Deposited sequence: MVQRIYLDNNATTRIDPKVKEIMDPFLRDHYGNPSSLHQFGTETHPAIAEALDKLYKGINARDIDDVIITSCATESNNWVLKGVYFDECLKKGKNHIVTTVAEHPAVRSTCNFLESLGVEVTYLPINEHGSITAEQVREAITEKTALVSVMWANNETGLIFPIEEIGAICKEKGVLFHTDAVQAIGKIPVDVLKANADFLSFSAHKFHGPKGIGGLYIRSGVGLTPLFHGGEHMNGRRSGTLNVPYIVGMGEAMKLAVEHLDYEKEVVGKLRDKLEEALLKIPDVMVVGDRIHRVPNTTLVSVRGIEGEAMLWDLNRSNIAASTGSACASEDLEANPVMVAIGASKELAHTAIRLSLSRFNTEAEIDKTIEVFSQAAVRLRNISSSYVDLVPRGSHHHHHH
């Protein structure tokens, strides 16, 4: 059989080169990098090369940190709770601004901070499916400890005005964090242009393994560790390093940035072919703006039949997609989809819809 995977904003396939580069550290190179003997220092060159790939992947400077975490959820929890202790409890800046579109790892943590007494304003989305940047400014009081706005939304693919939010935060002296998970491998990511203090990402959204992530911390910026222990990652995140996943995630970031032109010109062309073909049937409307989007995502809405039925049908024909709040059908492509797959999805989608 031949199945079609169109659920890449939920997770992606590991690139074969990533698995290949991870294998030796699952085999004979199992030393703890903190060890002083040869099994430990034996791992240091590959770890350094992987970290270098990450730094260059997000345009991080040598003075900055790219701390290895276990997923984007850890990065987001670490940002929000760290600034809760450093900037909210100790500096009296008991206010955080974020958006209603943020991943549950951000919104649920913000709810937890609210339970402790922190004041959090979740900026409402507009009809364009985006946040303006004027909204954060309206909400940035002199007690805002942190602004947290995701770079690209996982349900609609919509790109938020990261850069202008960073400029507002820079002029107003408030820390800026961006959840950039959906942006890696989709659009160019530059922490300097974003003026980001914190940036989150997760490997399994750009063809690395599930269970490893990264938090960019700007030079000089403090953040009380979420993982105390003080051994690893310059004492900022303790725990024995996941060497294979570090190497693999480095390679995945490298491949992801190397495929940016292909992502916009080819994957985006497949998404536009799919979307244009799919809107030529009854009343199926795309949910959100069609310009400020990452190249791989389309979110289509169909009459009065729920999206879950359409997805159950698609899955019966071995086509995997997800839902999306509008419910609508989220189809998210990748580097490994082909035009034949897209034509097939147009046919199976139409036949399933009329049925």
Unmodelled spans of the deposited chain sequence come out as 1, 328-350, 380-401
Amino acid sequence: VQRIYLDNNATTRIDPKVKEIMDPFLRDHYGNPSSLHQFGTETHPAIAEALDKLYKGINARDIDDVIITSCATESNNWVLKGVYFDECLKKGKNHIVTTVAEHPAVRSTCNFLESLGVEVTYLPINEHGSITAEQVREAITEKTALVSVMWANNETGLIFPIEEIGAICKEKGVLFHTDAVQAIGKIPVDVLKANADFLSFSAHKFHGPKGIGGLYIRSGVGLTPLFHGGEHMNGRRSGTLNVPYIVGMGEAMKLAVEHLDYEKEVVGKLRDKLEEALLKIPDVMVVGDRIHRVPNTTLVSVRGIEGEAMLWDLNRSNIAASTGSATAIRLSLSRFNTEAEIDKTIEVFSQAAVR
From here on, numbers count along this sequence of modelled residues.
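Here, rigid core means the biggest group of C-alpha atoms that superpose within 1.5 Å across both forms.
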Quick note, superposing on core in 8 other deposited structures of this protein and taking C-alpha RMS, the more shifted stretch of 65-73 and 298-306 is 298-306
On average, which has the higher Cα B-factor in the deposited entry, 269-277 or 225-233? 269-277
If you average the CA temperature factors as listed in the entry, which stretch comes out higher, 64-72 or 317-325? 317-325
Return the residue from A46, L54, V287, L36 that has the highest Cα B-factor in the entry. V287
Sorting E138, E102, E251, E155 by Cα temperature factor from the record, which one lands on top? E138
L331 CA temperature factor, ranked by third within the chain: middle
Lowest, middle or highest third - CA B-factor, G82: middle
Pull the Cα B-factor of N94 out of the PDB entry and bin it into the chain's lowest, middle or highest third. highest
On the chain's distribution of Cα B-factors, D179 falls within the third called lowest
Just say lowest, middle or highest third for the CA B-factor of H259 relative to the other modelled residues in its chain. middle
